[PDB]
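Have a look at the structure below before the remarks.
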Amino acid sequence: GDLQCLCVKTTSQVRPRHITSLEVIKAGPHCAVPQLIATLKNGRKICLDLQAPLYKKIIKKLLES
Amino acid sequence: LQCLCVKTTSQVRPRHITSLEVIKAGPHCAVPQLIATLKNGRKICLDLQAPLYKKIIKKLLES
Amino acid sequence: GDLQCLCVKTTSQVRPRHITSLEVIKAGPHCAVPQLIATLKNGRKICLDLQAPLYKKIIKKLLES
Amino acid sequence: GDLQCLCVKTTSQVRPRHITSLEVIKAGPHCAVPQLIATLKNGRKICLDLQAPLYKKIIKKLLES
């Protein structure tokens with residue numbers, strides 16, 4: 001009932017080098033769970049697995065760009 | 001149908017929307033996706049209802 | 001204020017067909033004018049002219065699956 | 001290109017608790033450096049310096065949210 005989240009289904013089926021941006025959204029009254037939304041080169045957006053290995057490395061790639 | 005916007009909503013006040021992202025239908029997602037960002041920072045998926053997104057696009061393009 | 005307009009100038013020579021995503025940004029502290037960021041199939045991003053009707057057609061092509 | 005850097009300056013100090021969203025934009029034709037966009041409760045957006053631990057504390061603050 002308190003999970004009106006954009007991120008319903010997540011993924012790990014993406015190459016880190018294809019991510020142009022990552023948004024980390026705090027849990028809130030509407031979606032009381034953290035959210036990781038990543039944008040691809042094609043403008044396509046996807047949700048990443050809260051605690052899967054991939055996100056950690058996506059963040060490293062981004063910062064060293 | 002490997003979308004982001006699996007469940008959409010119309011419960012939103014057009015005036016609180018700071019940005020709207022319109023995503024074209026593709027191989028990973030059968031239909032178009034409307035992703036609005038509110039002032040507080042929150043993101044949501046809008047219902048593909050012409051009168052509603054038209055109103056929204058108007059307030060944004062006329063700001 | 002920490003932010004400024006993202007758009008420097010707009011592009012008029014582009015095919016609606018090549019746009020994968022369009023971001024419409026309301027005016028505010030960051031920028032006194034609305035912004036239309038179109039992402040192309042290759043990943044390139046451009047800004048569209050507000051006066052120009054070109055975008056009303058891109059929104060059409062986009063909104064129809 | 002059509003786009004310039006969104007961040008014209010940065011805010012070297014803010015309490016991790018004010019942030020509701022952190023967008024990490026990788027360097028590209030739009031900007032030669034990464035950019036850290038933090039959205040505050042009031043809806044204010046500030047840019048952060050690319051200091052590893054400092055925002056890596058804002059990111060965990062958000063993930064453990």
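Numbered from 1 within each chain, the chains take letters A, B, ... in sequence-line order. For the numbers below, each heavy atom of this structure counts, side chains included, while hydrogens, waters and symmetry mates do not.
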inquiry  = Quick check on the interface: out of A/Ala32, A/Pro34, A/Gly28, who has the most heavy-atom pairs with chain D under 4.5 Å?
reply    = A/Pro34
ask   = Non-hydrogen atoms of chain A under 4.5 Å away: do they reach the side chain of D/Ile37, the backbone, both or neither?
value = neither
key: Residue pairs fulfilling disulfide bond (SG atoms under 2.5 Å apart) with at least one residue in residues 12-65 of chain A, sequence neighbours excluded   = A/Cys5-A/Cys31, A/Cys7-A/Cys47
Could you list every donor-acceptor pair linking chain D to chain A (distance under 3.5 Å, backbone and side chains)?
from	atom 1	to	atom 2	distance (Å)
D/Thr20	O	A/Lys26	N	2.9
D/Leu22	N	A/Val24	O	3.0
D/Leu22	O	A/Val24	N	2.9
D/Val24	N	A/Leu22	O	2.8
D/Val24	O	A/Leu22	N	3.0
D/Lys26	N	A/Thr20	O	3.0
D/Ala27	N	A/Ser65	OG	3.0
D/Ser65	OG	A/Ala27	N	3.2

key: Reference residue A/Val24; test side chain to side chain contact (heavy atoms under 4.5 Å, CB included); the match among D/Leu63, D/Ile58, D/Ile19   = D/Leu63
